[PDB]
Each structure stands twice: as C-alpha cells, then as structure tokens.
C-alpha cells in the first residue's frame, strides 16, 4: 500500500520491561500500531474511499495492481485511538475496547520497537515472556488474544516495494490460519475476487491468504483459555492461493502449508473444568487480573538448542499457580506443550497431528529463533462463533468424548451480531509486559 497524507500516524507509547534477574529490569520504550486492515483506504491524490463497508471500489480497483496504484492507507492520530478504535494506554497497561461507536468492531495491534519504524522482534527460545491481563469483561463468544507471528520486522517493505508504510502502518499481517480477510498482502491490495463475509458489515475475503508460523500465548475470555503452537512449512510470511492456504471451505484444512489446529494446551479441554473460571473458588479467578508467565525451554538450555517445551504458570494476588494438567485415564498428566503431549492428546481426541507433519516443536522453535512480532487483539468469530475455544466443538459432539468440550459456554453462544450488542463494552487489558531469561520476570 501507498501511504496517505490525510492523517499522521501516531502509535500509542507502551513501555515494557527487559529483565536480567528477578526484580532487576529496565524499561524499553516501545509502542503499539494498528493493523492496516482497520485503516481508511482512499485515493492517493484525494478523499475518495477505495474500500467502504465490506467492498472495494470496482472503478478504482478493477485489478489489484490498479487498486494499489490508485489507493493509499492513512494514519491513526492520537485522538482517534480511543475515539474511533477503542485503544488506550495508561502507564504500562494497554486497553482494547471491543466495540467503539463510525462503529468499529474488534482490533488487532502490533508492538513497535523504540524507533517506531520496525516491529519489536522477540527471539523467544530459552526466554520467558510475561504480562498481566484482565479478561473479566469478556464472556462467551469473545477472545482477547495475545500471540506471536512470523511477520517481517518491516512488514514486508524490503520484499515488496509497493508497501510504502511497512511496520509503521501495521502492514504484513500473516498467521497460521492463512487468512484471506487481510486487505493488503505482498504490498498489493488483496482485491481480486473479493467477497463480503455475510453478516460482517466490515470484512471480506480476497483471492490470496497470508501464511506464517504462530505462537499463541493467550486465546481467552473469562470462561476458557488456551495456549497453542502453530508451525508452518516454511515458517516465514508466505502469500498463498489454492491448496497451499489450507482453506476450510474447500476441505483443505490439513492440506496447506500451516498447522491450523495447532497443538493446544487448554485447561478445560484437557479435562480440568475447575482450574480457570469467573469466581473466587476456581484456582485462577478470571474476574480479577492475573499474571501469565510463559517459558520456552530448549533441548540444551541454550539459545542454540531446539524448542522442546512450552511451560506455563500464573501469579494472582501474589499467589503462584502452576499450570493445570491433562486429566484422562491412561494419559500422562502433562502440564506443558511438548511433541509427546501433542501426539498423546491428539491420539486420544482423534485429531490429525498436523503439528507433527509440519515439523513439530523443532519447527515452531525455528520461527521463534528468527524472531516473531507481538500481536494484541480483541475479536469475535464469524466462522465458528468461538465454540472451538469455549464450548463444545463440534456443537453436535458428545461433551463426554475427550476433545469435544472446551468450555461451559452454550453452543448457541458467540453469534457475532449478538455478542456485538451484548458485549459492546468488553475491554481486554494487557500490561506490565516483561521479557528476559527463564526465572527473571517475577
């Protein structure tokens, strides 16, 4: 995309901590940038929309190349962050409102480095990543997500010279779902064969998808939470078409370059329904804030080893809370993501181990070694109504069959039109982000 001249781009300042030992950290003066999908797209030498509602203008965008020549994405000024997009920062806390009323629904954002010209790339192997979260106002059907993806640090600017904005304009998004709803891919409008998504007034799908590796630290609302590894072959940003995208709609979910299911550790799905929930007698009380700690263990305990284990623990009101465990007869009580856990649990659930097909923890680790961009988002799910996270999936499945039940939400929950009314004022908060060696962040 070209860059427009109507509004300066002003990312929100967000300090994080880089740590060397427990309680010995230094501030890193980073910032938050809005994903290019949420930006106004208009004519390069005017005010005329190139995209309105869920459609590209066919006169301006008869082809992707012409669209890209004629159109530009514009900046987010400071005033518009809260007023238009529902984003705000107080000290080291970042807040994202779900619906902001001209009416904005959801948000996806990235962490910029201290220069505000590149994404802050995190080399996560043999490191610990930690943050405080509040998901108390997110119920069934919503997801306040924090995760990493194998985006380029410059959003693709060096690879795709028609991308003028780079990381500064939140470009280059890709993930392990190979999404077609990304409006700008490889420096070009994804306007070919663009199709609105029914019941989604703001979104559509273009000819291409954009694939890359994804490490989900946090997919969650107050009812259920998960962390998940998604390797791809290769891991780096890859525009896809046809079978390579692994499109759900053509029966290709397991035929593409990315592991779409991922290998998940989701406490409720692993059959501990009392670990996490909205109340003081759950082990971890989702009505109150808490700290989420993630440790990325290698084979030799060094930065050069292969990724072998994703460990997790929590801190809430000064109380250390170890992760829940897998709880099925004849299955080891795993409390972390490893290749063995993935094989054993997917075996039990009858899920295809595409994680293993894509190179497993080792391949996931190669993405983490090269460095990944931090994503913070809030969203509802127009495909599957978040049932995969917090309900029975498939909805018609027996909840006593291992793998089906992922949370207590009813199978009628999560319809975007309903959650966008009922949960309009939901806000996820991510704060006090800390990064360092294992054992350094609490």
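Residue numbers count along the first chain shown, from 1.
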query = What size is the break between residue 158 and residue 159 in terms of deposited sequence residues left without coordinates: none, 1 to 3, 4 to 9, or 10 or more?
reply = none
request  = Return whichever of 208 to 216 and 103 to 111 has the greater mean Cα B factor according to the PDB record.
outcome  = 103 to 111
query = Higher mean Cα B-factor in the deposited model: 353 to 361 or 145 to 153?
reply = 353 to 361
message = Looking at 224, 316, 332, 324, which one carries the largest C-alpha B-factor according to the PDB entry?
response = 332
task = Using the entry's values, work out which of 82, 136, 267, 228 has the largest Cα B factor.
result = 82
ask   = residue 12's Cα B-factor: lowest, middle or highest third of the chain?
value = middle
request  = Please rank the C-alpha B-factors of the chain's modelled residues and tell me whether residue 41 sits in the lowest, middle or highest third.
outcome  = highest
note = Quick tally, chain-level thirds of C-alpha B-factors: residue 35 sits in the lowest
note = By the entry's values, the third containing the CA B factor of residue 132 is the lowest
remark   = By the entry's values, the third containing the CA B factor of residue 393 is the middle
